[PDB]
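Analysis of the macromolecular model
Spelled out, the chains give:
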Amino acid sequence: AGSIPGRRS
Amino acid sequence: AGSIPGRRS
Amino acid sequence: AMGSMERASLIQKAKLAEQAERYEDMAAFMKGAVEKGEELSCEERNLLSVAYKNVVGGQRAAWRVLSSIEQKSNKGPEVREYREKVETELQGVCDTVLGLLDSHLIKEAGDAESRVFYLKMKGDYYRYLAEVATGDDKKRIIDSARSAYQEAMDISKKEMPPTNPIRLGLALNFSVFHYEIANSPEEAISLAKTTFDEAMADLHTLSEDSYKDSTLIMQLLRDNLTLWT
Amino acid sequence: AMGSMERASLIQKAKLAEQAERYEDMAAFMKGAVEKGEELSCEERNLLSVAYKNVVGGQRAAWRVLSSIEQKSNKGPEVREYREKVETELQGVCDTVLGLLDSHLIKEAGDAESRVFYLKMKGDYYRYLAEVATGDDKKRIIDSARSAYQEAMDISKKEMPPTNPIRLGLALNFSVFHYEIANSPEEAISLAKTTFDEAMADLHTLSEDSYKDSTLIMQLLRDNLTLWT
Ligand SMILES: *Cc1ccc(S(=O)(=O)N(C)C2CCOCC2)cc1
Ligand SMILES: *Cc1ccc(S(=O)(=O)N(C)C2CCOCC2)cc1
Ligand SMILES: [Cl-]
Ligand SMILES: [Cl-]
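- Method information in the entry identifies X-ray crystallography as the source of the structure, with 1.4000 Å recorded as the resolution.

- In the nomenclature of the PDB entry, chain C is known as 14-3-3 protein sigma of Homo sapiens.
- This entry carries the title "14-3-3 sigma with RelA/p65 binding site pS45 and covalently bound TCF521-120".
- On record in UniProt, under Sequence similarities, the comment for chain C is "Belongs to the 14-3-3 family."

**Quick word on the relation of the copies chain C and chain D**
- Mapping chain C onto chain D calls for a screw motion: a turn of 180° about the axis and a shift of 0.0 Å along it, with 0.0 Å RMSD after fitting. Here the copies are linked by what is in effect a two-fold axis. Using C-alpha coordinates, one finds that chain C approaches the rotation axis most closely at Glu24(C), a distance of 6.1 Å.
- By residue overlap, the copies meet face to face through one surface: 100% of the interface positions of chain C are interface positions in chain D.

**Some points on the side chain of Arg60(C)**
- You can see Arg60(C) is positioned in helix α3 (residues 42-73).
- Taking relative accessible area as the criterion, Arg60(C) reaches 11% and is therefore assigned buried.

**A look at the site of ligand 1**
- Taken together, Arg8(A), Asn46(C), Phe117(C), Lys120(C), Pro165(C) and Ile166(C) make up all the residues around ligand 1.
- Looking at what sits near ligand 1, you find residues from chains A and C.
- When ligand 1 sits alone it has 430 Å² of accessible area, and the protein chains cover 78% of it.
- Listing elements by their share of the shell around ligand 1, those giving two or more residues are α5 (112-132) and α7 (165-181) of chain C.
- For the shell around ligand 1, the per-class residue count stands at 3 nonpolar, 1 polar and 2 charged.

**Let's talk about the site of ligand 2**
- Close to ligand 2 lie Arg8(B), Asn46(D), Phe117(D), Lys120(D), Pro165(D) and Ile166(D), which account for all nearby residues.
- More than one chain lines the surroundings of ligand 2; the residues nearby belong to chains B and D.
- Look at ligand 2: alone it shows 430 Å² of surface, and the protein chains cover 79% of it.
- Elements represented by at least two residues in the shell around ligand 2 include exactly α5 (112-132) and α7 (165-181) of chain D.

**Digging into the packing of aromatic side chains**
All names here are of chain C.
- Applying the stated rule across the entire model yields 14 aromatic pairs over all chains.
- With centroids separated by 5.8 Å and ring planes inclined at 35°, the aromatic side chains of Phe174 and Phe177 adopt a geometry described as tilted. Taken together, the residues span about one helical turn, with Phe174 and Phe177 both in helix α7 at a distance of 3 residues. Pair check on accessibility: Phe174 and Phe177 agree, each one buried.
- Taken together through their ring pairs, the aromatic side chains of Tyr149, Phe174 and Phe177 make up a single cluster.
- If you follow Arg45 out to its NZ or CZ, it ends over the ring of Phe117, 5.8 Å from the centre.

**What about the interface of chain C and chain D?**
- The partner chain D presents 23 residues to the 23 residues of chain C that form the contact.
- Of all the secondary-structure elements, those providing two or more residues to the side of chain C that touches chain D are α1 (7-19), α2 (23-34), α3 and α4 (78-105) of chain C.
- With 7 residues, the single largest contributor to the side of chain C that touches chain D is α4(C).
- Among the residues making up the side of chain C that touches chain D, the classes are represented as 11 nonpolar, 4 polar and 8 charged.

**So, the pattern of salt bridges**
- A full pass over the atoms with the stated rule returns 32 salt bridges over all chains.
- Note that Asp25(C) is salt-bridged to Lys85(D), the shortest N-O span being 4.0 Å. Residue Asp25(C) is located in helix α2, and its partner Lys85(D) is located in helix α4 (residues 78-105); the two belong to separate chains.
- Judged by its relative accessible area of 12%, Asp25(C) falls in the buried class.
- Here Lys85(D) falls in the partly exposed class, since its relative accessible area comes to 34%.

**Topic: the interface of chain A and chain C**
- Between chain A and chain C, the contact holds 9 residues from the first and 22 residues from the second.
- Split into classes, the residues belonging to the side of chain A that touches chain C amount to 3 nonpolar, 4 polar and 2 charged.

What counts as what
Residues numbered from 1 in each chain as written, not as in the entry; some residues may be left out. Chains lettered and ligands numbered in written order. Heavy atoms only, no water. Residues with missing side-chain atoms left out of burial classes, pairs and counts. UniProt positions renumbered as here; feature names shortened; annotations may be inferred. Least-squares fit on C-alpha atoms. Contact = heavy atoms within 4.5 Å. Helix = DSSP H or I, 4+ residues; strand = E, 2+ residues; numbered from the N terminus. Buried < 20%, exposed > 50% of the residue type's maximum accessible area, 1.4 Å probe, protein only. Near = heavy atom within 4 Å. Areas by Shrake-Rupley, 256 points an atom, 1.4 Å probe, with all protein chains shown as cover. Nonpolar A, V, L, I, M, F, W, Y, C, P; charged D, E, K, R; others polar. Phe/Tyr/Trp six-rings, centres within 6.5 Å; stacked < 30°, edge-to-face > 60°. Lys NZ or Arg CZ within 6 Å of the ring centre and 35° of its normal. Salt bridge = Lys/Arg side-chain N within 4 Å of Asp/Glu carboxyl O.

So this is what it looks like as structure tokens:
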């Protein structure tokens, strides 16, 4: 189950 | 030009 | 530690730190920028969130490796000792972020976009605490994550279109909370399905660039639903 | 900082830190193990080298990103300030490793395998200092790398077969020194070609596992020669 990557932006 | 990776072992 | 650096310089260095993949630095620069006391713009909020997600993402990945070795072990005290050290460092980063939100990002956030953003962050960082919690306060940690996500959800449904990327990412992460932390897979599936369907029905209103932004996160909802059903 | 931890526990935690991809921790555990004062085994030497190569490898990658932005810039002082901060941290890690070799890994290393290993490390860490050096001591830094690699080379040719992986990796890295630091591309090409050919002629002596070990590094020599010719 994946959450928002949110590791670039 | 690449040196010994040497990042695992 | 960053009190003698200009706010604008801290922001600039955070962007450079991202380019250099120096996420610990990036987080320290953005902590410094928050402690200047001004509200953050949309871009600055994203820099703060990216910095800490990367830092805590590495700690979580390491904790899961060590927890797995330790479960197969129970050798010596070393695997548990090292897992504990990593856990305490992860807890410290989550406490730092929660502290920034509490002092005083949330209380000053009056627009729906900023308030939803920070409450989603609060739910996420209590969720990371819950992943490693065992003892007297674990139920309370889970409820703290739940409460933050639920307030964000109530604001987002009232104030944002169903395709807004923050609203979509909040629902994605809240559905993960339900599935992975709350032992509520049916609530997780229902939330992801309803979020996906209500966004689909609103895509016609969007420009090409916004369409790309919303459909990216919709696909993450679909990937979860595929795994969970 | 690690003086109260057992040597064996430090070694165990370094291996766990590698599995968890926590290279800063890994380096601190192996520094602690070296400071116990005993010589290191072959495996322990590799753990020390892997830890620091990863740490300094990340710093070098970040320094090159920031140096590139700064060269396109010359905006504000921030890009130079941040490049300098990263540089000082990289220099500090290289000084730490050089200090471990000087106190007292090299002087206690009497077998050819250990002595060559540590002198190659010394050449490598002076080489990383040289990559960022500009001023009064830069020529001296380059000569310090050269001197360390040359002593290692003299021992390796006298005491190790031409297929020994340490001898091969030393020659690879010394050829990179010649090409990238010393402005001697012909010396680099000649060293890589002679090393490759002399290993090829010795492969018949090897077991299947050792054959795989030597041919892996030979292919790195071939990849460089392809780029340089
Ligand atoms: C939780 C969250 C944060 C930020 C966004 S975003 O609008 O900036 N955006 C569309 C994301 C950027 C990173 O990749 C996924 C999308 C959305 C949700
Ligand atoms: C410089 C150096 C260090 C270690 C070796 S090794 O014998 O341990 N070995 C074969 C390497 C391991 C890492 O990948 C490349 C080979 C060789 C050279
Ligand atoms: Cl406000
Ligand atoms: Cl000895």
